[PDB]
file entry-v7.pdb (PDB, C-alpha atoms (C1' of nucleotides))
ATOM      1  CA  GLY A   1      28.683  15.577 -31.834  1.00  0.00           C
ATOM      2  CA  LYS A   2      32.135  13.982 -31.668  1.00  0.00           C
ATOM      3  CA  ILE A   3      32.393  10.553 -30.079  1.00  0.00           C
ATOM      4  CA  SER A   4      36.099   9.750 -30.400  1.00  0.00           C
ATOM      5  CA  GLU A   5      37.194  11.194 -33.752  1.00  0.00           C
ATOM      6  CA  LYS A   6      34.244  10.900 -36.169  1.00  0.00           C
ATOM      7  CA  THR A   7      31.271  13.215 -36.429  1.00  0.00           C
ATOM      8  CA  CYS A   8      27.719  12.148 -35.639  1.00  0.00           C
ATOM      9  CA  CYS A   9      24.678  12.559 -37.858  1.00  0.00           C
ATOM     10  CA  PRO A  10      21.417  13.826 -36.317  1.00  0.00           C
ATOM     11  CA  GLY A  11      19.573  10.522 -36.763  1.00  0.00           C
ATOM     12  CA  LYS A  12      16.138   9.739 -38.154  1.00  0.00           C
ATOM     13  CA  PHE A  13      12.997   9.796 -36.003  1.00  0.00           C
ATOM     14  CA  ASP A  14      10.140   9.743 -38.511  1.00  0.00           C
ATOM     15  CA  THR A  15       8.595   6.613 -40.022  1.00  0.00           C
ATOM     16  CA  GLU A  16       5.949   6.269 -42.744  1.00  0.00           C
ATOM     17  CA  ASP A  17       3.272   3.902 -41.444  1.00  0.00           C
ATOM     18  CA  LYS A  18       1.686   4.237 -38.010  1.00  0.00           C
ATOM     19  CA  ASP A  19      -0.167   0.958 -37.473  1.00  0.00           C
ATOM     20  CA  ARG A  20       2.712  -0.179 -35.267  1.00  0.00           C
ATOM     21  CA  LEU A  21       4.425   2.172 -32.813  1.00  0.00           C
ATOM     22  CA  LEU A  22       2.167   1.865 -29.761  1.00  0.00           C
ATOM     23  CA  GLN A  23       3.331   5.384 -28.884  1.00  0.00           C
ATOM     24  CA  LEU A  24       5.131   8.289 -30.549  1.00  0.00           C
ATOM     25  CA  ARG A  25       7.583  10.892 -29.280  1.00  0.00           C
ATOM     26  CA  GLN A  26       6.555  14.236 -27.836  1.00  0.00           C
ATOM     27  CA  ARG A  27       9.950  15.506 -26.695  1.00  0.00           C
ATOM     28  CA  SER A  28      11.567  18.035 -29.096  1.00  0.00           C
ATOM     29  CA  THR A  29      14.713  16.053 -29.977  1.00  0.00           C
ATOM     30  CA  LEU A  30      18.036  17.632 -28.981  1.00  0.00           C
ATOM     31  CA  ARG A  31      19.883  19.255 -31.880  1.00  0.00           C
ATOM     32  CA  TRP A  32      23.528  19.505 -32.921  1.00  0.00           C
ATOM     33  CA  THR A  33      25.376  19.952 -36.220  1.00  0.00           C
ATOM     34  CA  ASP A  34      22.546  20.737 -38.651  1.00  0.00           C
ATOM     35  CA  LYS A  35      22.902  18.238 -41.500  1.00  0.00           C
ATOM     36  CA  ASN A  36      20.774  15.584 -43.153  1.00  0.00           C
ATOM     37  CA  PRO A  37      20.447  11.841 -42.428  1.00  0.00           C
ATOM     38  CA  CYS A  38      20.078  11.298 -46.169  1.00  0.00           C
ATOM     39  CA  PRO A  39      21.250   7.754 -46.996  1.00  0.00           C
ATOM     40  CA  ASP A  40      18.527   5.129 -46.690  1.00  0.00           C
ATOM     41  CA  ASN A  41      20.457   2.476 -48.654  1.00  0.00           C
ATOM     42  CA  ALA A  42      24.011   3.120 -47.503  1.00  0.00           C
ATOM     43  CA  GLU A  43      27.123   1.131 -46.648  1.00  0.00           C
ATOM     44  CA  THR A  44      28.543   3.117 -43.713  1.00  0.00           C
ATOM     45  CA  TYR A  45      26.698   5.073 -41.061  1.00  0.00           C
ATOM     46  CA  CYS A  46      27.216   7.601 -38.321  1.00  0.00           C
ATOM     47  CA  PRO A  47      27.749   5.977 -34.899  1.00  0.00           C
ATOM     48  CA  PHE A  48      24.382   7.235 -33.690  1.00  0.00           C
ATOM     49  CA  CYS A  49      22.724   5.373 -36.561  1.00  0.00           C
ATOM     50  CA  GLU A  50      24.693   2.283 -35.594  1.00  0.00           C
ATOM     51  CA  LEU A  51      23.207   2.652 -32.129  1.00  0.00           C
ATOM     52  CA  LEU A  52      19.699   3.124 -33.542  1.00  0.00           C
ATOM     53  CA  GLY A  53      19.664   0.070 -35.796  1.00  0.00           C
ATOM     54  CA  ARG A  54      19.575   1.313 -39.376  1.00  0.00           C
ATOM     55  CA  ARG A  55      19.342  -9.488 -38.561  1.00  0.00           C
ATOM     56  CA  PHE A  56      19.951  -7.251 -35.537  1.00  0.00           C
ATOM     57  CA  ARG A  57      22.863  -4.888 -35.033  1.00  0.00           C
ATOM     58  CA  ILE A  58      22.457  -4.355 -31.272  1.00  0.00           C
ATOM     59  CA  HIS A  59      19.915  -6.503 -29.428  1.00  0.00           C
ATOM     60  CA  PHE A  60      18.620  -5.683 -25.940  1.00  0.00           C
ATOM     61  CA  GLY A  61      17.377  -8.660 -23.957  1.00  0.00           C
ATOM     62  CA  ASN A  62      14.943  -8.777 -21.069  1.00  0.00           C
ATOM     63  CA  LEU A  63      16.003  -8.306 -17.458  1.00  0.00           C
TER      64      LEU A  63
ATOM     65  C1'   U B   1       8.962 -12.606 -21.012  1.00  0.00           C
ATOM     66  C1'   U B   2       9.692  -7.235 -25.315  1.00  0.00           C
ATOM     67  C1'   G B   3      10.921  -6.010 -30.902  1.00  0.00           C
ATOM     68  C1'   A B   4      13.523  -1.778 -32.843  1.00  0.00           C
ATOM     69  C1'   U B   5      13.596   4.414 -36.876  1.00  0.00           C
ATOM     70  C1'   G B   6       9.724   7.842 -32.293  1.00  0.00           C
ATOM     71  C1'   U B   7       8.124   6.176 -24.258  1.00  0.00           C
ATOM     72  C1'   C B   8       8.810  14.260 -21.033  1.00  0.00           C
ATOM     73  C1'   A B   9       5.162   9.141 -16.433  1.00  0.00           C
ATOM     74  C1'   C B  10      11.071  12.404 -11.738  1.00  0.00           C
ATOM     75  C1'   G B  11       3.609  14.598 -16.410  1.00  0.00           C
ATOM     76  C1'   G B  12      -0.145  13.858 -11.121  1.00  0.00           C
ATOM     77  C1'   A B  13       0.709  15.900  -2.552  1.00  0.00           C
ATOM     78  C1'   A B  14      -4.711  10.434  -1.056  1.00  0.00           C
ATOM     79  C1'   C B  15      -5.897  15.698  -0.404  1.00  0.00           C
ATOM     80  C1'   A B  16     -10.442  18.335   1.676  1.00  0.00           C
ATOM     81  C1'   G B  17     -14.981  19.368   6.628  1.00  0.00           C
ATOM     82  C1'   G B  18     -16.254  17.177  12.367  1.00  0.00           C
ATOM     83  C1'   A B  19     -14.925  20.169  20.749  1.00  0.00           C
ATOM     84  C1'   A B  20     -14.537  12.535  23.971  1.00  0.00           C
ATOM     85  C1'   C B  21     -18.928  16.014  25.340  1.00  0.00           C
ATOM     86  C1'   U B  22     -23.367  15.450  29.043  1.00  0.00           C
ATOM     87  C1'   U B  23     -25.569  13.923  34.185  1.00  0.00           C
ATOM     88  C1'   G B  24     -23.786  12.566  40.231  1.00  0.00           C
ATOM     89  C1'   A B  25     -22.734  16.845  48.210  1.00  0.00           C
ATOM     90  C1'   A B  26     -17.451  10.831  50.039  1.00  0.00           C
ATOM     91  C1'   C B  27     -22.679  10.512  52.672  1.00  0.00           C
ATOM     92  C1'   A B  28     -25.144   8.020  56.689  1.00  0.00           C
ATOM     93  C1'   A B  29     -29.585   4.758  63.148  1.00  0.00           C
ATOM     94  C1'   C B  30     -32.896   0.934  64.131  1.00  0.00           C
ATOM     95  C1'   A B  31     -32.555  -3.662  65.297  1.00  0.00           C
ATOM     96  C1'   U B  32     -30.698  -8.990  63.720  1.00  0.00           C
ATOM     97  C1'   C B  33     -32.400 -14.598  64.811  1.00  0.00           C
ATOM     98  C1'   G B  34     -36.231 -18.289  65.277  1.00  0.00           C
ATOM     99  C1'   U B  35     -39.887 -20.772  67.946  1.00  0.00           C
ATOM    100  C1'   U B  36     -41.784 -22.200  73.148  1.00  0.00           C
ATOM    101  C1'   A B  37     -46.340 -23.644  75.860  1.00  0.00           C
ATOM    102  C1'   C B  38     -50.965 -26.179  76.594  1.00  0.00           C
TER     103        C B  38
END
call {"tool": "encode", "arguments": {"input": "entry-v7.pdb", "output": "C-alpha cells"}}
result
Amino acid sequence: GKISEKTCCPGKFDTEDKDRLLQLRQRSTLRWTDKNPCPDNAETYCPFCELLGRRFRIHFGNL
RNA sequence: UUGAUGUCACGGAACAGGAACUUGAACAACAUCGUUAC
C-alpha cells in the first residue's frame, strides 16, 4: 500500500441504495493496511480514492 | 455507443449410443438372310 511515497487507504465498496448497480461484487476484496475510509466530505484523498472517483475526476471513454 | 463507490464469466469440454453389411462358378453350339415359280 505504497504507491510512490504516500500510503493508500482501503477504499469504499458499499453504497446505500440498490436501485442502480445492475450488478454487485462477489469477490472478497484484497486487504492491506487495516484502517478506515472515514471522510465522506473531505478535501484530500488517498490515491486509490482518486482513482475510484470520490464533474468527473477520471473519465473512461468508449473504445 | 457506457456512467462511476461494487462485473470471480480465464464461473461452464457441444459432450454422450450406432459393424458400409447382404446376394452372384469368368461361363458358353445351332444357324443367319429373304423370296422364286406357275
call {"tool": "resolve_selection", "arguments": {"input": "entry-v7.pdb", "expression": "the PyMOL selection byres ((chain A) within 10 of (chain B))", "output": "number ranges by chain"}}
result
A: 11-16, 21-29, 49, 52-54, 56, 58-63
call {"tool": "residues_near_point", "arguments": {"input": "entry-v7.pdb", "point": "(26.0, 7.6, -36.5)", "cutoff": "8 Å", "atoms": "all atoms listed in the file", "output": "number ranges by chain"}}
result
A: 7-11, 45-51
call {"tool": "atom_distance", "arguments": {"input": "entry-v7.pdb", "atom1": "atom CA of residue 34 of chain A", "atom2": "atom CA of residue 18 of chain A"}}
result
26.6 Å
call {"tool": "atom_distance", "arguments": {"input": "entry-v7.pdb", "atom1": "atom CA of residue 6 of chain A", "atom2": "atom CA of residue 42 of chain A"}}
result
17.1 Å
call {"tool": "atom_distance", "arguments": {"input": "entry-v7.pdb", "atom1": "atom CA of residue 35 of chain A", "atom2": "atom CA of residue 2 of chain A"}}
result
14.1 Å
call {"tool": "build_atoms", "arguments": {"input": "entry-v7.pdb", "residues": "segment 38-63 of chain A", "atoms": "N, CA and C atoms", "output": "PDB file, in the frame of the given file"}}
result
ATOM      1  N   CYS A  38      20.596  11.651 -44.848  1.00  0.00           N
ATOM      2  CA  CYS A  38      20.078  11.298 -46.169  1.00  0.00           C
ATOM      3  C   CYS A  38      20.090   9.809 -46.519  1.00  0.00           C
ATOM      4  N   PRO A  39      21.148   9.031 -46.279  1.00  0.00           N
ATOM      5  CA  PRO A  39      21.250   7.754 -46.996  1.00  0.00           C
ATOM      6  C   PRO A  39      20.358   6.694 -46.368  1.00  0.00           C
ATOM      7  N   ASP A  40      19.386   6.214 -47.142  1.00  0.00           N
ATOM      8  CA  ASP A  40      18.527   5.129 -46.690  1.00  0.00           C
ATOM      9  C   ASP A  40      19.059   3.765 -47.093  1.00  0.00           C
ATOM     10  N   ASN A  41      19.744   3.679 -48.230  1.00  0.00           N
ATOM     11  CA  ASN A  41      20.457   2.476 -48.654  1.00  0.00           C
ATOM     12  C   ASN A  41      21.933   2.841 -48.733  1.00  0.00           C
ATOM     13  N   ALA A  42      22.618   2.730 -47.606  1.00  0.00           N
ATOM     14  CA  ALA A  42      24.011   3.120 -47.503  1.00  0.00           C
ATOM     15  C   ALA A  42      24.878   1.898 -47.234  1.00  0.00           C
ATOM     16  N   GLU A  43      26.162   2.159 -47.018  1.00  0.00           N
ATOM     17  CA  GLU A  43      27.123   1.131 -46.648  1.00  0.00           C
ATOM     18  C   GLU A  43      27.885   1.450 -45.375  1.00  0.00           C
ATOM     19  N   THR A  44      28.002   2.719 -44.999  1.00  0.00           N
ATOM     20  CA  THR A  44      28.543   3.117 -43.713  1.00  0.00           C
ATOM     21  C   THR A  44      27.583   4.112 -43.085  1.00  0.00           C
ATOM     22  N   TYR A  45      27.665   4.252 -41.768  1.00  0.00           N
ATOM     23  CA  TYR A  45      26.698   5.073 -41.061  1.00  0.00           C
ATOM     24  C   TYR A  45      27.398   5.849 -39.959  1.00  0.00           C
ATOM     25  N   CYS A  46      26.710   6.865 -39.460  1.00  0.00           N
ATOM     26  CA  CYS A  46      27.216   7.601 -38.321  1.00  0.00           C
ATOM     27  C   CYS A  46      26.972   6.780 -37.058  1.00  0.00           C
ATOM     28  N   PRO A  47      27.854   6.879 -36.059  1.00  0.00           N
ATOM     29  CA  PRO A  47      27.749   5.977 -34.899  1.00  0.00           C
ATOM     30  C   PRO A  47      26.412   6.047 -34.188  1.00  0.00           C
ATOM     31  N   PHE A  48      25.718   7.179 -34.256  1.00  0.00           N
ATOM     32  CA  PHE A  48      24.382   7.235 -33.690  1.00  0.00           C
ATOM     33  C   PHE A  48      23.416   6.354 -34.465  1.00  0.00           C
ATOM     34  N   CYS A  49      23.560   6.281 -35.788  1.00  0.00           N
ATOM     35  CA  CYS A  49      22.724   5.373 -36.561  1.00  0.00           C
ATOM     36  C   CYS A  49      23.129   3.921 -36.395  1.00  0.00           C
ATOM     37  N   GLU A  50      24.350   3.651 -35.948  1.00  0.00           N
ATOM     38  CA  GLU A  50      24.693   2.283 -35.594  1.00  0.00           C
ATOM     39  C   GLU A  50      24.134   1.919 -34.233  1.00  0.00           C
ATOM     40  N   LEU A  51      23.908   2.914 -33.378  1.00  0.00           N
ATOM     41  CA  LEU A  51      23.207   2.652 -32.129  1.00  0.00           C
ATOM     42  C   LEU A  51      21.705   2.515 -32.332  1.00  0.00           C
ATOM     43  N   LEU A  52      21.138   3.216 -33.313  1.00  0.00           N
ATOM     44  CA  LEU A  52      19.699   3.124 -33.542  1.00  0.00           C
ATOM     45  C   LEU A  52      19.317   1.765 -34.110  1.00  0.00           C
ATOM     46  N   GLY A  53      19.938   1.370 -35.218  1.00  0.00           N
ATOM     47  CA  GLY A  53      19.664   0.070 -35.796  1.00  0.00           C
ATOM     48  C   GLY A  53      19.520   0.070 -37.302  1.00  0.00           C
ATOM     49  N   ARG A  54      19.757   1.208 -37.937  1.00  0.00           N
ATOM     50  CA  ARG A  54      19.575   1.313 -39.376  1.00  0.00           C
ATOM     51  C   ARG A  54      20.671   0.581 -40.142  1.00  0.00           C
ATOM     52  N   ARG A  55      20.662 -10.094 -38.666  1.00  0.00           N
ATOM     53  CA  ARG A  55      19.342  -9.488 -38.561  1.00  0.00           C
ATOM     54  C   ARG A  55      19.388  -8.224 -37.709  1.00  0.00           C
ATOM     55  N   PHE A  56      19.855  -8.362 -36.472  1.00  0.00           N
ATOM     56  CA  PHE A  56      19.951  -7.251 -35.537  1.00  0.00           C
ATOM     57  C   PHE A  56      21.387  -6.761 -35.448  1.00  0.00           C
ATOM     58  N   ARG A  57      21.548  -5.446 -35.319  1.00  0.00           N
ATOM     59  CA  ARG A  57      22.863  -4.888 -35.033  1.00  0.00           C
ATOM     60  C   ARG A  57      23.164  -4.962 -33.542  1.00  0.00           C
ATOM     61  N   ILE A  58      22.331  -4.328 -32.724  1.00  0.00           N
ATOM     62  CA  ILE A  58      22.457  -4.355 -31.272  1.00  0.00           C
ATOM     63  C   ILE A  58      21.122  -4.802 -30.698  1.00  0.00           C
ATOM     64  N   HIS A  59      21.129  -5.902 -29.954  1.00  0.00           N
ATOM     65  CA  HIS A  59      19.915  -6.503 -29.428  1.00  0.00           C
ATOM     66  C   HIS A  59      19.897  -6.390 -27.913  1.00  0.00           C
ATOM     67  N   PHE A  60      18.808  -5.846 -27.376  1.00  0.00           N
ATOM     68  CA  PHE A  60      18.620  -5.683 -25.940  1.00  0.00           C
ATOM     69  C   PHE A  60      17.700  -6.785 -25.437  1.00  0.00           C
ATOM     70  N   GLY A  61      18.189  -7.602 -24.518  1.00  0.00           N
ATOM     71  CA  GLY A  61      17.377  -8.660 -23.957  1.00  0.00           C
ATOM     72  C   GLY A  61      16.628  -8.222 -22.715  1.00  0.00           C
ATOM     73  N   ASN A  62      15.747  -9.096 -22.239  1.00  0.00           N
ATOM     74  CA  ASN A  62      14.943  -8.777 -21.069  1.00  0.00           C
ATOM     75  C   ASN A  62      15.724  -9.000 -19.786  1.00  0.00           C
ATOM     76  N   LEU A  63      15.387  -8.212 -18.771  1.00  0.00           N
ATOM     77  CA  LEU A  63      16.003  -8.306 -17.458  1.00  0.00           C
ATOM     78  C   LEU A  63      15.043  -9.003 -16.507  1.00  0.00           C
TER      79      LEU A  63
END
